[PDB]
Protein chains: 18
Amino acid sequence: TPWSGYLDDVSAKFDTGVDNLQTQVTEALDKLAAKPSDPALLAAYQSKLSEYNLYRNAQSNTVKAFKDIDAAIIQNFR
Amino acid sequence: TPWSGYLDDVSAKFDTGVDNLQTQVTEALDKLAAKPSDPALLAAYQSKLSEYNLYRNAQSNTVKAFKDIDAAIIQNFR
Amino acid sequence: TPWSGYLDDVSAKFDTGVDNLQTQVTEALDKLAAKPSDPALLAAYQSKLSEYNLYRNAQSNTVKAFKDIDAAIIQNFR
Amino acid sequence: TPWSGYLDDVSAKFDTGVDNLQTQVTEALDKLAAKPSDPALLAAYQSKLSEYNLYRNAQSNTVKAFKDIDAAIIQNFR
Amino acid sequence: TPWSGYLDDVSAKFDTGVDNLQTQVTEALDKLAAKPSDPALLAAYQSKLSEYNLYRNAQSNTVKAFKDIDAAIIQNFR
Amino acid sequence: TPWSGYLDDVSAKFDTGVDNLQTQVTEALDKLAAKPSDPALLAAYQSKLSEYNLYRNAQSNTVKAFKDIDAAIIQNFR
Amino acid sequence: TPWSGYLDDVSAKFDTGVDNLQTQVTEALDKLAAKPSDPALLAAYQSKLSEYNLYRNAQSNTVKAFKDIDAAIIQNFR
Amino acid sequence: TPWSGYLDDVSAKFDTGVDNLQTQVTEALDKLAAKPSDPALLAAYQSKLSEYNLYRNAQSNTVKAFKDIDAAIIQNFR
Amino acid sequence: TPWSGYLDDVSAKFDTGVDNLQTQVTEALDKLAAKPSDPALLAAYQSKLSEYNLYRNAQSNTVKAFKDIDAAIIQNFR
Amino acid sequence: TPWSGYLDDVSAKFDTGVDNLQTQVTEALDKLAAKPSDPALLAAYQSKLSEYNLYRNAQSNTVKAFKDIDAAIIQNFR
Amino acid sequence: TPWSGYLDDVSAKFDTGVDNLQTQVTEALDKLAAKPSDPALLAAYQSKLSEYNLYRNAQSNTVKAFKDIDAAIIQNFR
Amino acid sequence: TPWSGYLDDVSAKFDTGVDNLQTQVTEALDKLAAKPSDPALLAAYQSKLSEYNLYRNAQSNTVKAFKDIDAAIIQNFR
Amino acid sequence: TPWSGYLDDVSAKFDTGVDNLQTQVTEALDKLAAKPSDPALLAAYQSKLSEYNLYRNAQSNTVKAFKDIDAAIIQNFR
Amino acid sequence: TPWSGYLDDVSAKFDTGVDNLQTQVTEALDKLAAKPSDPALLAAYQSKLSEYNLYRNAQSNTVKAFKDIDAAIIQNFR
Amino acid sequence: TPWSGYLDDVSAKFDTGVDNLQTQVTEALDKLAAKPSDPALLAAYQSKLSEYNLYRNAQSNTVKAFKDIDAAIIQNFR
Amino acid sequence: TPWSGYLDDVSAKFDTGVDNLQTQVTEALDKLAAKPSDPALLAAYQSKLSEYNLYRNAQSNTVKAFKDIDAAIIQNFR
Amino acid sequence: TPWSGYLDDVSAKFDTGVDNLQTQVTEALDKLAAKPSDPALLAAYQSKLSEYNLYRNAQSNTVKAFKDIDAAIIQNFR
Amino acid sequence: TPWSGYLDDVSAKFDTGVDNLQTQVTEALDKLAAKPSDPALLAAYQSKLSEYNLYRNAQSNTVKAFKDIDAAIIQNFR
């Protein structure tokens, strides 16, 4: 088992909270790239890519938020 | 009963002053990680994570403040 | 009763200041999704979704504004 | 009459120098929370919250400034 | 009545000179720990904790200053 | 008399500089809403709403500009 | 004649170096507030407010720079 | 039973006055070393390590204080 | 077996508490350097580099904290 | 006429060398507390409070410097 | 009239040479104990307590110096 | 062989991780500059310049991240 | 000719080592105060004020360094 | 075999108690000097140099402590 | 051959440990000054200047660390 | 010849590294101000003003970088 | 002509060896007290007060050194 | 040939043991005073001035140590 800290666990709550959004965005891009004019495939990939953009920003800004909490505690050790 | 000094009591006034903010931030992260696009869940987790950042900095800077008071008294023992 | 800090109270003044805007936007979307060509339903959902966008940005930028006030006070504890 | 030191008097010159800015910000938030789309209420609360942010930072950085003056005098007692 | 020497009387001029600063800092910490995001409670506890830090350092460096005066007189007894 | 800081005075130079533009936009909307096809009422409300959009943006970006000046001075107090 | 130290003289070289920039920004705001849609008045007030922002930051960061020079010399007195 | 003098008894009043602070600091370091990003483990170890720093300085400066009392009595034997 | 003091043992509790974080950060940098645009590789390396920054600061500020405890005991030997 | 020693005369060369800096800092705080957003009042109080911080540190470190000169002469009386 | 020897007269030249320094230090401590954060009261009490420390050491080391002169004359009586 | 430190090795993992992205962006600019209307050359240079922007920001923010780790360790040497 | 000791000669090696840096900083401030927006005048005054800050700290920490050497030799006279 | 007294034996209990700390600090400096940016080499050399500082102070203050014991016994020979 | 003490040898282990980092930073500045917009020259000079900042701080804090070891041994000579 | 320190020489490597960029930006502004609609003059002044913005930021952040190196060396003189 | 012994002549070699250092320190304090923020006046008064501290300690420890020589000769008269 | 006792020979073993450290510190100060911002000249003068501080303290505390040995032998002549 590889080691995981508290920021790894917070960043993996997002990774397991979405189920296969990393796969669904890759699968919706592959269906759309084969036919980039189907409105059903464009509106599916809009709703997947916009869901993936909010997933990756909420994941990144939460790891950065707890890292700012932790660095201000460690500053008070000395 | 485990031992607790004066800095432990000051750091636990913050811990008991918030009731379950350590739980509410963990619960708001778990609801948000399952669906990181609900504005009701993002604005809830913004108000929880920002409340937890101010909790942990006021807790840390108060234990550091009383430790600076105490170390300047102990310096005058000799 | 769950715990609520000062940022929770500011973020819930917006939540109780609007009455059921979280419901009215959900109800106007459900009426519009069943018939997305009625001008009465589109102009209702325009006025609800634009009112909800300003609600969520004023809520988020006020919790962020008071968190910036508080973090600059806590910085002066040490 | 409760006791007030010199830092309490400096921090209360700011408190009495503003008259009811602690009330005007609370009253402008309550008017804005009931209707967070009036430009007259948003521009009023912008000018109040920004005035309150500068009030609380000038109050905090002045109490910290005189505490740094005093601690360097007390250091020279021994 | 318990015995009090000259250093006890100097250290109790500070204790009675502040009235209930040992209580006001404890009461401002208890109000702040219940809600560590109110700017009125943070700026109150900043002005109390900084006033208590200067109280305890001026008390300690004055007892140490008179103890250095007294030990140099007692050295000249023999 | 209610308290007004420097940002309140700058934001009220715009409020008194326009005379009743908050009223003229409300009155031009009420005339236009009763008959939204008169070109004299549409071209009047275009010139009022565009004048009100520039009023509210110049008011908001000037209060924000002086708040950025003030926060950089207060940062140099400590 | 009121007393002026070296930081007062440095902060007043900026005050006399600009001639009436404190007046020209106040006069350009008063002309702009009466008519916040003239491009000649907006581009004048842009060039004045941006000139005043750089004036107040260069004034503040120079008084802070010499205060950091002086405090490191005074630290070496003891 | 091993021998203990008066400085050993004073240094062991601190050792028995804290109960298992030598263990609690070792246990809080072991929990923190396995995951040095949990704010609950950092704020616990801040309050333990700062409590242990004040314990070891008050223990050391009290044994040194009584040793200075005793050496000045023994000097007067001859 | 090489010699290890108490600061070496504290600094190696962090080294063995993380398992292969020195390797996982090196491996996540090598995967990211080959393709610095994969969001899965950037969000992995964010969570590793931020975990490594908190590891190295908590390790360094704990060795410095115990060195400050020890140097104040050794000062009381003479 | 109250008695004044050599340290009192050195500490009063600073008190009379500044003319009314103890008043100008109190007057600049009172003007700033009534309106803590005027850049002219903030930059005035920055230049006064920074001038007062250097005044009180140069006064304190000079009385401490001559007290260290005098105590080393008095040590050579016996 | 109580009896006073030559060491009493030397120790009372210091007592009458300072006028009410025993009172001025007691009065400056009483003003400072009521408000131990005023820089005017701390810098006054620094200059009084340091003046009193040099007064009591010069008084004690002069009585000890003349007692060493006298004891070496009396040793030559036999 | 020129000297390379640890930041040079981290900044050259990015340089060797991309193979000839510094060349491919230069070659795609040279093809595009000769004919800046081919959609095949614009979409190639979009995908190269955006890949180069993410390469140079991940390279720069990683050298800055390890420099912040190292400077906080070196601060604890003294 | 006024008297100059060894610390005066060391502090005047810095004064004559820079040629007219006390003048060049005063002249660059006077040019900048007349126009605090020229990038050529700001980057000149940055390079002068930063050169003057390093001049005054190296001058002060060298006079303090030799004074610490000398005071430890004079301590061994008795 | 060279001669060794009791202070030589106490100072060599420290020399043999550490095994090759004089070598490990020299070897950690040589690895760090070749690459003074590796966090693994900086945190190793922090833990070695801080361990060597406590070794040399405990060695020096113990030889000085026993020399003070011995010189007070030899004083009582005559 | 010029004389070199132990601090000179420690400060020259850093000087010879880096090979020509004093030259590589000077050469990377000269290439960058001729064209301060090449990302290859900026990212090279970032990695050189950050490597030189860590070199000069680790060199300075190690000479200061051994000087603190040596001065505490020399203090125990008398 | 006027005096120039090391920060002056670094800030003048940028000044001589660009040849007449301070002139070319002034000349491109003068050509553009006479006719602010020529695309050849706008695209020339874009490439000059963006080149001048990167010149002045790389010049300023390098003088600040070496000033941070120097101030940390001078701090270790005492 | 007043009488002067050998300790008076040694203590007046220091008084005439410095020329007007008793005046230059008084004159540098009077210039500094009128403006305690000029770096030229602070660095002048640092170099004067540190020169006066070494003057008064070398004067006092030399009169004490010859008094210890003389008292051991006079002890051998009987 | 001038006369030299045993303390002169011990104090000149240090003077000839360093070769021209009295010159190298004077030469490194003269190079640094001409340009007090070169990191190569500051880190050279740090390593020279710290080497000279340890030279003068080890020289002074060894002459004082042998003078304490000799004065206790001469005391036993009578």
# chains A, B, ... in the order shown; residues from 1 in each chain; ligands from 1

$ interface_residues --of "chain M" --to "chain Q" --cutoff "8 Å" --atoms "only C-alpha atoms" --output "list in words"
residues 2, 3, 5, 6, 7, 8, 11, 56, 59, 60, 63, 64, 67, 70, 71, 74, 75, 77 and 78 of chain M

$ write_last_selection --atoms "N, CA, C and O atoms" --output "PDB file, in the first residue's frame"
ATOM      1  N   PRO M   2      38.687  66.559  14.556  1.00  0.00           N
ATOM      2  CA  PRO M   2      37.941  65.853  15.600  1.00  0.00           C
ATOM      3  C   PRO M   2      38.494  64.459  15.833  1.00  0.00           C
ATOM      4  O   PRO M   2      39.098  63.845  14.953  1.00  0.00           O
ATOM      5  N   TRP M   3      38.281  63.967  17.048  1.00  0.00           N
ATOM      6  CA  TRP M   3      38.797  62.664  17.436  1.00  0.00           C
ATOM      7  C   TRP M   3      37.976  61.553  16.797  1.00  0.00           C
ATOM      8  O   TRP M   3      36.757  61.671  16.647  1.00  0.00           O
ATOM      9  N   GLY M   5      37.881  57.174  17.009  1.00  0.00           N
ATOM     10  CA  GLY M   5      38.385  55.909  17.486  1.00  0.00           C
ATOM     11  C   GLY M   5      38.371  54.862  16.398  1.00  0.00           C
ATOM     12  O   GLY M   5      38.202  55.148  15.214  1.00  0.00           O
ATOM     13  N   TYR M   6      38.548  53.612  16.819  1.00  0.00           N
ATOM     14  CA  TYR M   6      38.612  52.523  15.851  1.00  0.00           C
ATOM     15  C   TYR M   6      37.241  52.190  15.287  1.00  0.00           C
ATOM     16  O   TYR M   6      37.138  51.781  14.129  1.00  0.00           O
ATOM     17  N   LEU M   7      36.183  52.345  16.082  1.00  0.00           N
ATOM     18  CA  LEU M   7      34.845  52.142  15.547  1.00  0.00           C
ATOM     19  C   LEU M   7      34.440  53.285  14.641  1.00  0.00           C
ATOM     20  O   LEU M   7      33.663  53.087  13.705  1.00  0.00           O
ATOM     21  N   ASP M   8      34.954  54.484  14.908  1.00  0.00           N
ATOM     22  CA  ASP M   8      34.716  55.608  14.018  1.00  0.00           C
ATOM     23  C   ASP M   8      35.429  55.420  12.696  1.00  0.00           C
ATOM     24  O   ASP M   8      34.907  55.818  11.655  1.00  0.00           O
ATOM     25  N   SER M  11      33.430  52.692  10.796  1.00  0.00           N
ATOM     26  CA  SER M  11      32.189  53.276  10.305  1.00  0.00           C
ATOM     27  C   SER M  11      32.422  54.344   9.245  1.00  0.00           C
ATOM     28  O   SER M  11      31.490  54.675   8.511  1.00  0.00           O
ATOM     29  N   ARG M  56      23.770  50.680   5.115  1.00  0.00           N
ATOM     30  CA  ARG M  56      23.580  51.035   6.512  1.00  0.00           C
ATOM     31  C   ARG M  56      23.511  49.822   7.422  1.00  0.00           C
ATOM     32  O   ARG M  56      23.772  49.951   8.618  1.00  0.00           O
ATOM     33  N   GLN M  59      27.219  48.627   7.716  1.00  0.00           N
ATOM     34  CA  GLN M  59      27.953  49.562   8.555  1.00  0.00           C
ATOM     35  C   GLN M  59      27.617  49.357  10.019  1.00  0.00           C
ATOM     36  O   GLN M  59      28.503  49.395  10.876  1.00  0.00           O
ATOM     37  N   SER M  60      26.343  49.133  10.320  1.00  0.00           N
ATOM     38  CA  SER M  60      25.912  49.022  11.705  1.00  0.00           C
ATOM     39  C   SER M  60      26.313  47.685  12.307  1.00  0.00           C
ATOM     40  O   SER M  60      26.700  47.619  13.477  1.00  0.00           O
ATOM     41  N   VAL M  63      30.265  47.764  13.123  1.00  0.00           N
ATOM     42  CA  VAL M  63      30.588  48.502  14.337  1.00  0.00           C
ATOM     43  C   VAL M  63      30.139  47.722  15.566  1.00  0.00           C
ATOM     44  O   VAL M  63      30.833  47.691  16.586  1.00  0.00           O
ATOM     45  N   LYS M  64      29.004  47.033  15.468  1.00  0.00           N
ATOM     46  CA  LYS M  64      28.550  46.199  16.573  1.00  0.00           C
ATOM     47  C   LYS M  64      29.417  44.958  16.726  1.00  0.00           C
ATOM     48  O   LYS M  64      29.602  44.467  17.843  1.00  0.00           O
ATOM     49  N   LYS M  67      32.677  46.063  18.393  1.00  0.00           N
ATOM     50  CA  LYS M  67      32.413  46.440  19.776  1.00  0.00           C
ATOM     51  C   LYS M  67      32.242  45.207  20.654  1.00  0.00           C
ATOM     52  O   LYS M  67      32.555  45.246  21.846  1.00  0.00           O
ATOM     53  N   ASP M  70      35.844  44.019  21.317  1.00  0.00           N
ATOM     54  CA  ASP M  70      36.585  44.873  22.237  1.00  0.00           C
ATOM     55  C   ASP M  70      36.098  44.717  23.665  1.00  0.00           C
ATOM     56  O   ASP M  70      36.903  44.725  24.600  1.00  0.00           O
ATOM     57  N   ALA M  71      34.786  44.588  23.855  1.00  0.00           N
ATOM     58  CA  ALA M  71      34.233  44.461  25.194  1.00  0.00           C
ATOM     59  C   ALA M  71      34.611  43.146  25.854  1.00  0.00           C
ATOM     60  O   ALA M  71      34.643  43.073  27.085  1.00  0.00           O
ATOM     61  N   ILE M  74      38.339  43.858  27.112  1.00  0.00           N
ATOM     62  CA  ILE M  74      38.340  44.746  28.270  1.00  0.00           C
ATOM     63  C   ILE M  74      37.817  44.030  29.514  1.00  0.00           C
ATOM     64  O   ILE M  74      38.250  44.321  30.638  1.00  0.00           O
ATOM     65  N   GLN M  75      36.931  43.046  29.329  1.00  0.00           N
ATOM     66  CA  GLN M  75      36.437  42.232  30.435  1.00  0.00           C
ATOM     67  C   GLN M  75      37.554  41.427  31.090  1.00  0.00           C
ATOM     68  O   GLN M  75      37.491  41.136  32.288  1.00  0.00           O
ATOM     69  N   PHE M  77      40.608  42.517  31.580  1.00  0.00           N
ATOM     70  CA  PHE M  77      41.602  43.353  32.243  1.00  0.00           C
ATOM     71  C   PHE M  77      41.601  43.166  33.750  1.00  0.00           C
ATOM     72  O   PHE M  77      42.634  43.382  34.390  1.00  0.00           O
ATOM     73  N   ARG M  78      40.471  42.778  34.325  1.00  0.00           N
ATOM     74  CA  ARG M  78      40.345  42.643  35.768  1.00  0.00           C
ATOM     75  C   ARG M  78      40.078  41.195  36.162  1.00  0.00           C
ATOM     76  O   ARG M  78      39.623  40.393  35.349  1.00  0.00           O
TER      77      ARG M  78
END

$ atom_distance --atom1 "CA of residue 14 in chain F" --atom2 "CA of residue 31 in chain G"
10.0 Å

$ atom_distance --atom1 "CA of residue 76 in chain C" --atom2 "CA of residue 45 in chain E"
10.7 Å

$ select_by_dssp --residues "chain K" --states "helix (DSSP H, G or I)" --output "PyMOL selection string"
chain K and resi 6-17+21-34+39-77

$ write_last_selection --atoms "C-alpha atoms" --output "compact mmCIF listing (two decimals), in the first residue's frame"
# COMPACT_ATOMS: atom_id res chain seq x y z
CA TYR K 6 30.58 57.62 59.05
CA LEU K 7 29.10 54.83 56.94
CA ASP K 8 25.65 56.10 57.87
CA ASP K 9 26.63 59.58 56.71
CA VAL K 10 28.03 58.27 53.41
CA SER K 11 24.93 56.13 52.86
CA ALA K 12 22.76 59.18 53.63
CA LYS K 13 24.62 61.44 51.22
CA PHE K 14 23.15 59.17 48.55
CA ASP K 15 19.77 59.24 50.30
CA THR K 16 19.64 63.04 50.38
CA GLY K 17 21.47 63.45 47.08
CA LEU K 21 13.84 58.88 43.92
CA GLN K 22 12.52 56.34 46.42
CA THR K 23 9.16 58.05 45.95
CA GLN K 24 9.44 58.67 42.19
CA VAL K 25 10.14 54.99 41.53
CA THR K 26 7.21 54.03 43.75
CA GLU K 27 4.98 56.59 42.02
CA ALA K 28 6.10 55.55 38.53
CA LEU K 29 5.40 51.92 39.40
CA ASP K 30 1.91 52.81 40.63
CA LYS K 31 1.09 54.72 37.45
CA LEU K 32 2.52 51.92 35.32
CA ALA K 33 0.74 49.13 37.19
CA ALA K 34 -2.63 50.76 36.48
CA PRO K 39 4.80 53.99 26.18
CA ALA K 40 5.06 57.25 28.11
CA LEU K 41 4.64 55.35 31.38
CA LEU K 42 6.97 52.52 30.40
CA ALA K 43 9.74 54.84 29.23
CA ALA K 44 9.30 56.90 32.39
CA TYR K 45 9.54 53.83 34.60
CA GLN K 46 12.51 52.52 32.63
CA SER K 47 14.38 55.75 33.30
CA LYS K 48 13.36 55.67 36.98
CA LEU K 49 14.07 52.01 37.72
CA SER K 50 17.42 52.16 35.93
CA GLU K 51 18.25 55.31 37.88
CA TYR K 52 17.29 53.55 41.11
CA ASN K 53 19.39 50.49 40.28
CA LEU K 54 22.46 52.68 39.83
CA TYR K 55 21.62 54.61 42.99
CA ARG K 56 21.41 51.49 45.14
CA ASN K 57 24.57 49.93 43.71
CA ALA K 58 26.66 53.08 44.08
CA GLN K 59 25.34 53.45 47.62
CA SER K 60 26.13 49.86 48.53
CA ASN K 61 29.56 49.70 46.91
CA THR K 62 30.65 52.92 48.60
CA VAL K 63 29.66 51.81 52.11
CA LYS K 64 31.50 48.57 51.38
CA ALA K 65 34.52 50.49 50.07
CA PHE K 66 34.91 52.65 53.18
CA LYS K 67 34.29 49.63 55.42
CA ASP K 68 37.26 47.96 53.72
CA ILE K 69 39.36 51.07 54.37
CA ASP K 70 38.38 51.17 58.04
CA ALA K 71 38.85 47.47 58.76
CA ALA K 72 42.42 47.64 57.46
CA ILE K 73 43.20 50.54 59.81
CA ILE K 74 41.66 48.80 62.85
CA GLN K 75 43.70 45.68 62.01
CA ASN K 76 46.84 47.75 62.66
CA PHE K 77 45.80 48.73 66.19

$ atom_distance --atom1 "CA of residue 4 in chain F" --atom2 "CA of residue 35 in chain J"
7.8 Å
